[PDB]
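Okay, structure first, notes after.
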Amino acid sequence: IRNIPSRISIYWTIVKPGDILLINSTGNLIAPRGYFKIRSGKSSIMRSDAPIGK
Amino acid sequence: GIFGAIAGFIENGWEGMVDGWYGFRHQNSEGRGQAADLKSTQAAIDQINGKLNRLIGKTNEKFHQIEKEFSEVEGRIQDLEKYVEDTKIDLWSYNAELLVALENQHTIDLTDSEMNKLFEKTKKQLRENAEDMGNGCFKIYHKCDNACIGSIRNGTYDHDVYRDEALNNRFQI
Ligand SMILES: *[C@@H]1O[C@H](CO)[C@@H](O)[C@H](O)[C@H]1NC(C)=O
């Protein structure tokens, strides 16, 4: 793909308060630089090619 | 349809009545004329606006849901998402078809109802002073000028004033 025969597989992990992230690795780790905040609410996603209007 | 006034004993509607839904046409010694009846028209309108009020501008907010289009074949999980959506779509579609058929049936009938009520009210006012000619019109058996006609429409007609006169005319030989 774009001249690259190797691959990366992406995973995710949610960590609750009072809990702890533990990473044990002996190679091939593609490390996170941090975390995303996760919220709840009315948000969503839609696939569309319609232009945005004012 | 169900009361049998509109599309019934009333042969047809009057296209020239543009200032109300129900009203009166008369003929007398001074001529023939027309006036809308405001209260019956409004009664019908009020009922129809009520339906609209339940239906117009009352949509439900939905946000994140499930996906409904798919670029890859996936089987079991995908079948269910599609089936869930089709099932949902079919049921909402059913309620709407049924809703409109039902609403429409009730509206023609309620409008038929309002026409009949105005006829019936009119019938009662005239007491023994008029006879039902059978097509929604009354033959009034006394001299009845514009003021007289106006009084019937205005609900102030005094049957006692004309009763003697009318009876002589009705029960002639
Ligand atoms: C009904 O008749 C009464 C008595 O004359 C009068 O006061 C009133 O104006 C009439 N109503 C209408 C709307 O013609």
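As shown in the structure tokens, the chain order sets the letters A, B, ...; within each chain, residues go from 1, and ligands are also counted from 1 in the order they appear.
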### Message
Please find the residues of chain B near chain A - the criterion being any atom within 8 Å, counting only C-alpha atoms - and write them as a PyMOL selection string.
### Response
chain B and resi 63-65
With N, CA, C and O atoms kept, could you save the residues just selected as a compact mmCIF listing (two decimals), in the first residue's frame?
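Heads up, here's the output in selection.txt:
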# COMPACT_ATOMS: atom_id res chain seq x y z
N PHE B 63 -30.28 11.01 17.42
CA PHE B 63 -28.89 11.40 17.21
C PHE B 63 -28.05 10.25 16.67
O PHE B 63 -28.25 9.82 15.53
N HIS B 64 -27.12 9.75 17.47
CA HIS B 64 -26.34 8.59 17.06
C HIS B 64 -27.19 7.34 17.08
O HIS B 64 -27.89 7.07 18.06
N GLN B 65 -27.12 6.57 16.01
CA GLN B 65 -27.96 5.40 15.85
C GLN B 65 -27.09 4.22 15.46
O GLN B 65 -26.01 4.01 16.03
### Task
Could you tell me, counting only C-alpha atoms and all ligand atoms, which protein and nucleic acid residues lie no more than 12 Å from ligand 1, written as an MDAnalysis selection string?
chainID B and resid 35:39 146:158
Could you dump the residues just selected with N, CA and C atoms as a CSV table (one decimal), in the first residue's frame?
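This is the output file again-v5.csv:
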chain,number,residue,atom,x,y,z
B,35,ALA,N,-75.4,34.2,2.3
B,35,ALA,CA,-74.6,34.6,3.5
B,35,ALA,C,-73.9,33.4,4.1
B,36,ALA,N,-72.7,33.5,4.4
B,36,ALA,CA,-72.0,32.4,5.1
B,36,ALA,C,-72.4,32.4,6.6
B,37,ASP,N,-72.4,31.2,7.1
B,37,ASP,CA,-72.6,31.1,8.6
B,37,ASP,C,-71.2,30.9,9.2
B,38,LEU,N,-70.8,31.8,10.0
B,38,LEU,CA,-69.5,31.9,10.6
B,38,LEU,C,-69.2,30.8,11.6
B,39,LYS,N,-70.1,30.5,12.5
B,39,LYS,CA,-69.9,29.6,13.7
B,39,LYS,C,-69.7,28.2,13.2
B,146,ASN,N,-85.7,40.6,3.7
B,146,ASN,CA,-84.3,40.4,4.1
B,146,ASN,C,-84.0,40.4,5.6
B,147,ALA,N,-84.8,41.3,6.2
B,147,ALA,CA,-84.7,41.4,7.7
B,147,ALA,C,-85.2,40.1,8.3
B,148,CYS,N,-86.2,39.5,7.7
B,148,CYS,CA,-86.7,38.2,8.2
B,148,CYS,C,-85.7,37.1,8.0
B,149,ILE,N,-85.1,37.0,6.8
B,149,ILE,CA,-84.1,36.0,6.5
B,149,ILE,C,-82.9,36.2,7.4
B,150,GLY,N,-82.5,37.5,7.6
B,150,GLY,CA,-81.4,37.8,8.4
B,150,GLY,C,-81.6,37.3,9.9
B,151,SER,N,-82.8,37.5,10.3
B,151,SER,CA,-83.1,37.0,11.7
B,151,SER,C,-82.9,35.5,11.9
B,152,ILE,N,-83.2,34.7,10.9
B,152,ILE,CA,-83.0,33.3,11.0
B,152,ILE,C,-81.5,33.0,11.1
B,153,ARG,N,-80.7,33.6,10.2
B,153,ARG,CA,-79.3,33.4,10.2
B,153,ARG,C,-78.7,33.9,11.5
B,154,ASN,N,-79.3,34.9,12.1
B,154,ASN,CA,-78.7,35.6,13.2
B,154,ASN,C,-79.2,34.9,14.5
B,155,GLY,N,-80.1,33.9,14.3
B,155,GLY,CA,-80.6,33.1,15.4
B,155,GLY,C,-81.6,33.8,16.3
B,156,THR,N,-82.2,34.9,15.8
B,156,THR,CA,-83.2,35.7,16.5
B,156,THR,C,-84.6,35.6,16.0
B,157,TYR,N,-84.8,34.7,15.0
B,157,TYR,CA,-86.2,34.6,14.4
B,157,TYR,C,-87.2,34.2,15.5
B,158,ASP,N,-88.3,34.9,15.5
B,158,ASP,CA,-89.4,34.6,16.5
B,158,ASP,C,-90.6,33.9,15.7
### Message
Report, in Å to a single decimal, how far apart CA of residue 100 (chain B) and CA of residue 119 (chain B) are.
### Response
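So the answer is 28.6 Å.
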### Task
From region 26-122 of chain B, collect each residue whose DSSP state is alpha helix (DSSP H) and return the set as an NGL selection string.
:B and (38-55 or 76-122)
### Message
Just list as a VMD selection string whatever in region 31-92 of chain B DSSP marks as strand (DSSP E).
### Response
chain B and resid 31 to 36
Requested write-out: N, CA and C atoms of the selected residues, as a PDB file, in the first residue's frame:
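Listed below is the output, part.pdb:
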ATOM      1  N   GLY B  31     -86.092  39.153  -3.552  1.00  0.00           N
ATOM      2  CA  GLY B  31     -84.984  38.581  -4.306  1.00  0.00           C
ATOM      3  C   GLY B  31     -84.418  37.286  -3.748  1.00  0.00           C
ATOM      4  N   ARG B  32     -83.186  36.966  -4.140  1.00  0.00           N
ATOM      5  CA  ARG B  32     -82.490  35.782  -3.642  1.00  0.00           C
ATOM      6  C   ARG B  32     -81.037  36.147  -3.312  1.00  0.00           C
ATOM      7  N   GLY B  33     -80.513  35.616  -2.214  1.00  0.00           N
ATOM      8  CA  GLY B  33     -79.230  36.072  -1.706  1.00  0.00           C
ATOM      9  C   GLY B  33     -78.454  35.008  -0.960  1.00  0.00           C
ATOM     10  N   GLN B  34     -77.254  35.358  -0.504  1.00  0.00           N
ATOM     11  CA  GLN B  34     -76.375  34.378   0.117  1.00  0.00           C
ATOM     12  C   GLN B  34     -75.579  34.997   1.260  1.00  0.00           C
ATOM     13  N   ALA B  35     -75.391  34.212   2.316  1.00  0.00           N
ATOM     14  CA  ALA B  35     -74.589  34.620   3.461  1.00  0.00           C
ATOM     15  C   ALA B  35     -73.941  33.402   4.103  1.00  0.00           C
ATOM     16  N   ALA B  36     -72.654  33.507   4.414  1.00  0.00           N
ATOM     17  CA  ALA B  36     -71.959  32.428   5.097  1.00  0.00           C
ATOM     18  C   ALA B  36     -72.378  32.401   6.562  1.00  0.00           C
TER      19      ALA B  36
END
